[PDB]
Amino acid sequence: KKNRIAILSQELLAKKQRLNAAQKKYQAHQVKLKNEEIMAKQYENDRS
Amino acid sequence: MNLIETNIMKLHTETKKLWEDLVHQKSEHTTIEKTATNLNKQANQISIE
């Protein structure tokens, strides 16, 4: 039981790491989308 | 672990959604820019005439 528990705990560490990586990528590309939509407004104005 | 992976998959799915939105709006703006530039060039040769 202890062996399997320790394996599960280190795999917990790994899963937390990957979760945080997912959060990082998601939020960075969210910022990218904000910027791009601002640019969209600007260039639609410019084409008009 | 189960709940951590739940958050993982939610984040990944929303991220792929947003990447597709990125490609969408990028193409939108590229075509908009090309249309504007062509209109301006029409204007310019109109001005030479």
# chains A, B, ... in the order shown; residues from 1 in each chain; ligands from 1
$ residues_around --residues "residue 41 in chain A" --least-positions-apart "5" --cutoff "12 Å" --atoms "only C-alpha atoms" --output "MDAnalysis selection string"
(chainID A and resid 34:36 46:48) or (chainID B and resid 25 28:29 32)
$ write_last_selection --atoms "N, CA and C atoms" --output "JSON list (two decimals), in the first residue's frame"
[["chain", "number", "residue", "atom", "x", "y", "z"],
["A", 34, "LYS", "N", -6.88, 38.89, -26.93],
["A", 34, "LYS", "CA", -7.25, 40.26, -26.60],
["A", 34, "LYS", "C", -6.54, 41.24, -27.54],
["A", 35, "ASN", "N", -5.22, 41.08, -27.66],
["A", 35, "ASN", "CA", -4.44, 41.97, -28.51],
["A", 35, "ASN", "C", -4.92, 41.91, -29.95],
["A", 36, "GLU", "N", -5.16, 40.70, -30.46],
["A", 36, "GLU", "CA", -5.55, 40.55, -31.86],
["A", 36, "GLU", "C", -6.90, 41.20, -32.13],
["A", 46, "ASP", "N", -9.41, 51.24, -40.35],
["A", 46, "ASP", "CA", -8.50, 51.69, -41.40],
["A", 46, "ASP", "C", -9.03, 51.34, -42.79],
["A", 47, "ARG", "N", -9.59, 50.14, -42.97],
["A", 47, "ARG", "CA", -10.16, 49.79, -44.27],
["A", 47, "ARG", "C", -11.34, 50.69, -44.60],
["A", 48, "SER", "N", -12.19, 50.98, -43.61],
["A", 48, "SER", "CA", -13.28, 51.91, -43.84],
["A", 48, "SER", "C", -12.75, 53.23, -44.39],
["B", 25, "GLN", "N", -9.57, 34.91, -36.86],
["B", 25, "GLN", "CA", -9.48, 36.37, -36.90],
["B", 25, "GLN", "C", -8.26, 36.83, -37.69],
["B", 28, "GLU", "N", -9.36, 36.78, -41.23],
["B", 28, "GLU", "CA", -10.28, 37.90, -41.40],
["B", 28, "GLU", "C", -9.52, 39.19, -41.66],
["B", 29, "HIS", "N", -8.55, 39.49, -40.80],
["B", 29, "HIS", "CA", -7.84, 40.75, -40.88],
["B", 29, "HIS", "C", -6.92, 40.81, -42.09],
["B", 32, "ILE", "N", -9.16, 41.68, -44.95],
["B", 32, "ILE", "CA", -9.57, 43.08, -44.80],
["B", 32, "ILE", "C", -8.45, 44.01, -45.26]]
$ residues_around --residues "range 9-14 of chain A" --least-positions-apart "5" --cutoff "9 Å" --atoms "only C-alpha atoms" --output "PyMOL selection string"
(chain A and resi 4+19) or (chain B and resi 1+4)
$ atom_distance --atom1 "CA of residue 20 in chain A" --atom2 "CA of residue 7 in chain B"
9.3 Å
$ atom_distance --atom1 "CA of residue 49 in chain B" --atom2 "CA of residue 45 in chain A"
27.4 Å
$ closest_residue --among "A:21, A:38, A:43, A:29" --to "residue 22 in chain B" --atoms "only C-alpha atoms"
A:29
$ closest_atom_pairs --of "chain B" --to "chain A" --cutoff "6 Å" --atoms "only C-alpha atoms" --output "Markdown table"
| residue | atom | partner | partner_atom | distance |
| --- | --- | --- | --- | --- |
| B:1 | CA | A:12 | CA | 5.3 |
| B:8 | CA | A:19 | CA | 4.7 |
| B:11 | CA | A:22 | CA | 5.8 |
| B:15 | CA | A:26 | CA | 5.0 |
| B:36 | CA | A:47 | CA | 4.6 |
$ atom_distance --atom1 "CA of residue 17 in chain B" --atom2 "CA of residue 35 in chain B"
27.5 Å
$ decode --residues "chain B" --atoms "C-alpha atoms" --output "short mmCIF file (atom, residue, chain, number, x, y, z; two decimals), in the first residue's frame"
data_model
loop_
_atom_site.label_atom_id
_atom_site.label_comp_id
_atom_site.auth_asym_id
_atom_site.auth_seq_id
_atom_site.Cartn_x
_atom_site.Cartn_y
_atom_site.Cartn_z
CA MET B 1 -4.78 13.37 -9.66
CA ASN B 2 -8.24 12.94 -11.16
CA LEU B 3 -9.29 16.51 -10.46
CA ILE B 4 -5.91 17.88 -11.59
CA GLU B 5 -6.35 16.08 -14.91
CA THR B 6 -9.92 17.41 -15.10
CA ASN B 7 -8.57 20.96 -14.94
CA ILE B 8 -5.85 19.94 -17.41
CA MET B 9 -8.33 18.81 -20.04
CA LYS B 10 -10.64 21.80 -19.55
CA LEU B 11 -7.67 24.12 -20.09
CA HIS B 12 -6.41 22.22 -23.14
CA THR B 13 -9.83 22.16 -24.83
CA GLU B 14 -10.40 25.87 -24.28
CA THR B 15 -6.86 26.57 -25.50
CA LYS B 16 -7.45 24.71 -28.77
CA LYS B 17 -10.74 26.58 -29.18
CA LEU B 18 -8.88 29.86 -28.74
CA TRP B 19 -6.12 28.86 -31.18
CA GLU B 20 -8.78 28.20 -33.82
CA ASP B 21 -10.32 31.60 -33.02
CA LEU B 22 -6.83 33.08 -33.52
CA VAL B 23 -6.49 31.56 -36.99
CA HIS B 24 -10.02 32.74 -37.85
CA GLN B 25 -9.48 36.37 -36.90
CA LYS B 26 -6.00 36.40 -38.47
CA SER B 27 -7.44 35.40 -41.84
CA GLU B 28 -10.28 37.90 -41.40
CA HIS B 29 -7.84 40.75 -40.88
CA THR B 30 -5.49 39.67 -43.68
CA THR B 31 -8.34 39.75 -46.20
CA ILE B 32 -9.57 43.08 -44.80
CA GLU B 33 -6.08 44.55 -45.24
CA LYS B 34 -5.81 43.32 -48.83
CA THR B 35 -9.19 44.83 -49.71
CA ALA B 36 -8.22 48.18 -48.17
CA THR B 37 -4.88 48.26 -50.00
CA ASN B 38 -6.47 47.46 -53.37
CA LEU B 39 -9.03 50.22 -52.84
CA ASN B 40 -6.24 52.69 -52.03
CA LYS B 41 -4.30 51.74 -55.17
CA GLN B 42 -7.43 52.29 -57.25
CA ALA B 43 -7.61 55.72 -55.61
CA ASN B 44 -3.99 56.46 -56.51
CA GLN B 45 -4.25 55.71 -60.21
CA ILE B 46 -7.53 57.64 -60.19
CA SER B 47 -5.44 60.54 -58.88
CA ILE B 48 -2.90 60.26 -61.72
CA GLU B 49 -5.77 60.38 -64.20
#
